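Peer 1: Sharing a structure here in structure tokens format.
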Amino acid sequence: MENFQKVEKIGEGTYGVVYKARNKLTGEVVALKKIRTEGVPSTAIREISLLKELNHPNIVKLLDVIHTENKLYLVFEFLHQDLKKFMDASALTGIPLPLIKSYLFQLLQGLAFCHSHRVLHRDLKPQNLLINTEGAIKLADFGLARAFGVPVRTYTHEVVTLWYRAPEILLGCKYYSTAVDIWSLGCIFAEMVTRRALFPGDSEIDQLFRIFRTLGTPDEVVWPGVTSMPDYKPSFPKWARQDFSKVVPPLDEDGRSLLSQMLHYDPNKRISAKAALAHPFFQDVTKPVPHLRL
Ligand SMILES: C=CCNc1nc(N)c(C(=O)c2ccc3ccccc3c2)s1
């Protein structure tokens, strides 16, 4: 790019390559995402454009939408590190509980904001949760899923992670709700606590069965309507639910209680981000500074 002097390729996102770039007009460092294709839908341009107005301290700012040369670029504020790399970096010691709690609190504020504005993320994962040196954490890519579509890999063959996908999505429900983001965040919360992914499925069915083996195969009692879902099969094995005490030790009871509410099978029974912010788990929440190696 001419208006931007690439510093480095940050990696490959859901929709295309992402670079760390410098705006030659401002000297500002940003995250430039190329959106991988037969003209670029206008409905997309308009939708995405509306996202530029979404501002909240826990949402990565979408600075600009650039549609030129029949190519589409998204310009985002640049952040220091992603949660995935931070978790890997804290693997030996684990993230201190006060920081895990601060991050969860902030992420829920982010979701509460987006959800009140009717914007869903739909693909939350450690890779798109970004942190800075001051102890803030922000969600990147809210709303892109709806505006754009749903790719198999990314754009050039790249295994898309299914680890954080809500059960209703795996069972073929076509209408997503804000609850899919709460499910993903719950999975992320568990992963910060145990230092191991909660449901590391390697295929849609493996993903679904790992969920069932832990929370029990859902039925009409715990999830009214589940047996009528598009990809539900009466032949699904019937696994008993396991005790949460065994799932996220050594998380205390308030934490376990909150997580159970974020992982309810019925999307309608799953706790909302706003209600979760009032959960007693956050009664002693603070904002610690993390030890970031940049
Ligand atoms: C982690 C250091 C780079 N700083 C970033 N700042 C922003 N704003 C980023 C992203 O918005 C982002 C989010 C998800 C990604 C997933 C794969 C590859 C690059 C990705 C980039 S990444």
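Numbering starts fresh at 1 for the residues of each chain in the structure tokens, the chains themselves are lettered A, B, ... in the order given, and ligands are numbered from 1 as they appear.
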Can you work out which residues are within 10 Å of ligand 1, considering only C-alpha atoms and all ligand atoms, and then hand them over as JSON, numbers by chain?
Peer 2: {"A": [8, 9, 10, 11, 12, 13, 14, 15, 16, 17, 18, 19, 20, 29, 30, 31, 32, 33, 59, 60, 61, 62, 74, 75, 76, 77, 78, 79, 80, 81, 82, 83, 84, 85, 86, 124, 125, 126, 127, 128, 129, 130, 131, 132, 138, 139, 140, 141, 154, 294]}
Peer 1: Atoms to include: C-alpha atoms. Write the selected residues as a PDB file, in the first residue's frame.
Peer 2:
ATOM      1  CA  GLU A   8       5.080  -6.546   9.240  1.00  0.00           C
ATOM      2  CA  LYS A   9       2.526  -9.236   8.537  1.00  0.00           C
ATOM      3  CA  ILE A  10       0.801  -9.874  11.836  1.00  0.00           C
ATOM      4  CA  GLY A  11      -0.657 -13.110  10.543  1.00  0.00           C
ATOM      5  CA  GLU A  12      -3.752 -14.433   8.822  1.00  0.00           C
ATOM      6  CA  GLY A  13      -7.209 -13.541  10.039  1.00  0.00           C
ATOM      7  CA  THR A  14     -10.654 -14.921   9.358  1.00  0.00           C
ATOM      8  CA  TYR A  15     -11.087 -12.687   6.305  1.00  0.00           C
ATOM      9  CA  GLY A  16      -7.541 -12.199   5.095  1.00  0.00           C
ATOM     10  CA  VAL A  17      -4.011 -11.152   5.931  1.00  0.00           C
ATOM     11  CA  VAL A  18      -3.542  -8.605   8.727  1.00  0.00           C
ATOM     12  CA  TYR A  19      -0.582  -6.249   8.790  1.00  0.00           C
ATOM     13  CA  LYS A  20       0.915  -3.834  11.278  1.00  0.00           C
ATOM     14  CA  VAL A  29       0.556   2.589  13.843  1.00  0.00           C
ATOM     15  CA  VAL A  30      -2.459   0.443  12.997  1.00  0.00           C
ATOM     16  CA  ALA A  31      -3.687  -3.067  12.263  1.00  0.00           C
ATOM     17  CA  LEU A  32      -4.650  -3.217   8.593  1.00  0.00           C
ATOM     18  CA  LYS A  33      -6.908  -6.064   7.574  1.00  0.00           C
ATOM     19  CA  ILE A  59     -13.885  -2.676  21.834  1.00  0.00           C
ATOM     20  CA  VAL A  60     -10.989  -2.382  19.384  1.00  0.00           C
ATOM     21  CA  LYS A  61     -11.709   0.813  17.439  1.00  0.00           C
ATOM     22  CA  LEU A  62     -12.469   0.415  13.740  1.00  0.00           C
ATOM     23  CA  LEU A  74     -10.302  -2.429   7.489  1.00  0.00           C
ATOM     24  CA  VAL A  75      -8.104  -0.138   9.631  1.00  0.00           C
ATOM     25  CA  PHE A  76      -8.110  -0.919  13.364  1.00  0.00           C
ATOM     26  CA  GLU A  77      -6.401   0.712  16.355  1.00  0.00           C
ATOM     27  CA  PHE A  78      -3.298  -1.333  17.075  1.00  0.00           C
ATOM     28  CA  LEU A  79      -2.929  -3.186  20.338  1.00  0.00           C
ATOM     29  CA  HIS A  80       0.076  -4.631  22.086  1.00  0.00           C
ATOM     30  CA  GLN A  81      -0.556  -8.391  22.408  1.00  0.00           C
ATOM     31  CA  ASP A  82      -3.345 -10.962  22.005  1.00  0.00           C
ATOM     32  CA  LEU A  83      -4.792 -13.108  24.789  1.00  0.00           C
ATOM     33  CA  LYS A  84      -3.618 -16.338  23.153  1.00  0.00           C
ATOM     34  CA  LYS A  85       0.036 -15.272  23.228  1.00  0.00           C
ATOM     35  CA  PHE A  86      -0.381 -13.918  26.773  1.00  0.00           C
ATOM     36  CA  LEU A 124     -14.865 -14.792  19.886  1.00  0.00           C
ATOM     37  CA  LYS A 125     -11.556 -16.513  20.584  1.00  0.00           C
ATOM     38  CA  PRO A 126      -8.292 -15.773  22.421  1.00  0.00           C
ATOM     39  CA  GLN A 127      -6.709 -14.634  19.138  1.00  0.00           C
ATOM     40  CA  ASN A 128      -9.142 -11.704  18.757  1.00  0.00           C
ATOM     41  CA  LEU A 129      -9.100 -10.522  22.385  1.00  0.00           C
ATOM     42  CA  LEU A 130      -6.363  -7.864  22.655  1.00  0.00           C
ATOM     43  CA  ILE A 131      -4.576  -6.461  25.686  1.00  0.00           C
ATOM     44  CA  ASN A 132      -2.354  -3.467  26.407  1.00  0.00           C
ATOM     45  CA  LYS A 138     -10.585  -5.335  24.095  1.00  0.00           C
ATOM     46  CA  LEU A 139     -12.647  -7.375  21.647  1.00  0.00           C
ATOM     47  CA  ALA A 140     -11.638  -7.183  17.997  1.00  0.00           C
ATOM     48  CA  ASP A 141     -13.962  -7.909  15.022  1.00  0.00           C
ATOM     49  CA  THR A 154      -9.988 -18.155   6.283  1.00  0.00           C
ATOM     50  CA  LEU A 294       6.709  -6.964  24.103  1.00  0.00           C
TER      51      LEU A 294
END
Peer 1: If you run DSSP on the backbone, which residues of segment 185-249 of chain A are helix (DSSP H, G or I), as a PyMOL selection string?
Peer 2: chain A and resi 185-194+204-215+226-228+244-247
Peer 1: Now that the selection is made, can you save its residues with N, CA and C atoms as an mmCIF file, in the first residue's frame?
Peer 2:
data_model
loop_
_atom_site.group_PDB
_atom_site.id
_atom_site.type_symbol
_atom_site.label_atom_id
_atom_site.label_comp_id
_atom_site.auth_asym_id
_atom_site.auth_seq_id
_atom_site.Cartn_x
_atom_site.Cartn_y
_atom_site.Cartn_z
ATOM 1 N N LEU A 185 -17.234 -16.684 25.510
ATOM 2 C CA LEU A 185 -16.504 -16.050 26.609
ATOM 3 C C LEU A 185 -16.386 -17.044 27.794
ATOM 4 N N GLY A 186 -17.430 -17.823 28.059
ATOM 5 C CA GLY A 186 -17.348 -18.806 29.135
ATOM 6 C C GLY A 186 -16.216 -19.796 28.851
ATOM 7 N N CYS A 187 -16.120 -20.240 27.602
ATOM 8 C CA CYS A 187 -15.063 -21.178 27.223
ATOM 9 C C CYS A 187 -13.684 -20.547 27.444
ATOM 10 N N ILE A 188 -13.588 -19.253 27.127
ATOM 11 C CA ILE A 188 -12.331 -18.526 27.284
ATOM 12 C C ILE A 188 -11.960 -18.363 28.774
ATOM 13 N N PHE A 189 -12.965 -18.088 29.594
ATOM 14 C CA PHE A 189 -12.817 -17.909 31.051
ATOM 15 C C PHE A 189 -12.248 -19.211 31.641
ATOM 16 N N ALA A 190 -12.826 -20.336 31.248
ATOM 17 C CA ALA A 190 -12.373 -21.625 31.758
ATOM 18 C C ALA A 190 -10.927 -21.866 31.349
ATOM 19 N N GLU A 191 -10.606 -21.516 30.118
ATOM 20 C CA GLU A 191 -9.265 -21.724 29.598
ATOM 21 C C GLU A 191 -8.233 -20.863 30.357
ATOM 22 N N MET A 192 -8.589 -19.631 30.726
ATOM 23 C CA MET A 192 -7.641 -18.806 31.497
ATOM 24 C C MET A 192 -7.393 -19.436 32.868
ATOM 25 N N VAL A 193 -8.450 -19.976 33.461
ATOM 26 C CA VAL A 193 -8.357 -20.604 34.793
ATOM 27 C C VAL A 193 -7.564 -21.910 34.836
ATOM 28 N N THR A 194 -7.839 -22.837 33.918
ATOM 29 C CA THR A 194 -7.160 -24.138 33.917
ATOM 30 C C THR A 194 -5.877 -24.198 33.094
ATOM 31 N N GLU A 204 -16.531 -30.614 13.706
ATOM 32 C CA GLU A 204 -17.786 -30.196 14.304
ATOM 33 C C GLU A 204 -18.359 -31.238 15.235
ATOM 34 N N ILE A 205 -18.347 -32.513 14.834
ATOM 35 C CA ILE A 205 -18.916 -33.552 15.688
ATOM 36 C C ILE A 205 -18.053 -33.827 16.910
ATOM 37 N N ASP A 206 -16.749 -33.690 16.771
ATOM 38 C CA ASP A 206 -15.890 -33.939 17.914
ATOM 39 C C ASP A 206 -16.108 -32.794 18.903
ATOM 40 N N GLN A 207 -16.334 -31.603 18.364
ATOM 41 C CA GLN A 207 -16.543 -30.415 19.175
ATOM 42 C C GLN A 207 -17.800 -30.634 19.962
ATOM 43 N N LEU A 208 -18.854 -31.023 19.264
ATOM 44 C CA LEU A 208 -20.129 -31.263 19.915
ATOM 45 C C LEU A 208 -20.063 -32.348 20.993
ATOM 46 N N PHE A 209 -19.378 -33.453 20.712
ATOM 47 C CA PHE A 209 -19.316 -34.545 21.683
ATOM 48 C C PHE A 209 -18.429 -34.275 22.904
ATOM 49 N N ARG A 210 -17.433 -33.421 22.740
ATOM 50 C CA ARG A 210 -16.588 -33.029 23.860
ATOM 51 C C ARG A 210 -17.474 -32.201 24.804
ATOM 52 N N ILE A 211 -18.327 -31.354 24.230
ATOM 53 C CA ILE A 211 -19.269 -30.546 25.025
ATOM 54 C C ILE A 211 -20.213 -31.506 25.759
ATOM 55 N N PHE A 212 -20.802 -32.462 25.034
ATOM 56 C CA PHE A 212 -21.742 -33.418 25.638
ATOM 57 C C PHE A 212 -21.090 -34.268 26.725
ATOM 58 N N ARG A 213 -19.854 -34.696 26.509
ATOM 59 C CA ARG A 213 -19.190 -35.517 27.510
ATOM 60 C C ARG A 213 -18.952 -34.767 28.799
ATOM 61 N N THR A 214 -18.857 -33.441 28.724
ATOM 62 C CA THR A 214 -18.618 -32.662 29.934
ATOM 63 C C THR A 214 -19.884 -32.168 30.593
ATOM 64 N N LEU A 215 -20.791 -31.623 29.789
ATOM 65 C CA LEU A 215 -22.028 -31.060 30.312
ATOM 66 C C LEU A 215 -23.219 -31.997 30.192
ATOM 67 N N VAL A 226 -34.396 -28.786 21.622
ATOM 68 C CA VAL A 226 -33.127 -29.277 21.096
ATOM 69 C C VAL A 226 -33.245 -30.446 20.112
ATOM 70 N N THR A 227 -34.211 -31.334 20.324
ATOM 71 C CA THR A 227 -34.321 -32.497 19.433
ATOM 72 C C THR A 227 -34.866 -32.170 18.055
ATOM 73 N N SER A 228 -35.283 -30.926 17.854
ATOM 74 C CA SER A 228 -35.809 -30.472 16.560
ATOM 75 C C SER A 228 -34.794 -29.613 15.827
ATOM 76 N N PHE A 244 -18.939 -29.577 37.821
ATOM 77 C CA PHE A 244 -18.100 -28.423 37.491
ATOM 78 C C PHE A 244 -16.888 -28.360 38.376
ATOM 79 N N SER A 245 -16.986 -28.954 39.562
ATOM 80 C CA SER A 245 -15.857 -28.925 40.484
ATOM 81 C C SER A 245 -14.660 -29.594 39.820
ATOM 82 N N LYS A 246 -14.934 -30.536 38.929
ATOM 83 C CA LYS A 246 -13.869 -31.238 38.214
ATOM 84 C C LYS A 246 -13.430 -30.509 36.925
ATOM 85 N N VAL A 247 -14.258 -29.594 36.442
ATOM 86 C CA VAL A 247 -13.966 -28.893 35.192
ATOM 87 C C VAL A 247 -13.017 -27.707 35.293
#
Peer 1: For residue 180 of chain A, which of A:272, A:49, A:37, A:70 is the closest residue, counting only C-alpha atoms?
Peer 2: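 Between A:272, A:49, A:37, A:70, the residue approaching residue 180 of chain A most closely is A:272.
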Peer 1: Using atom CA of residue 48 of chain A and atom CA of residue 102 of chain A as the two end points, give the distance in Å to one decimal.
Peer 2: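 Between atom CA of residue 48 of chain A and atom CA of residue 102 of chain A the gap is 29.3 Å.
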Peer 1: Distance atom CA of residue 286 of chain A-atom CA of residue 254 of chain A, one decimal place?
Peer 2: 16.0 Å
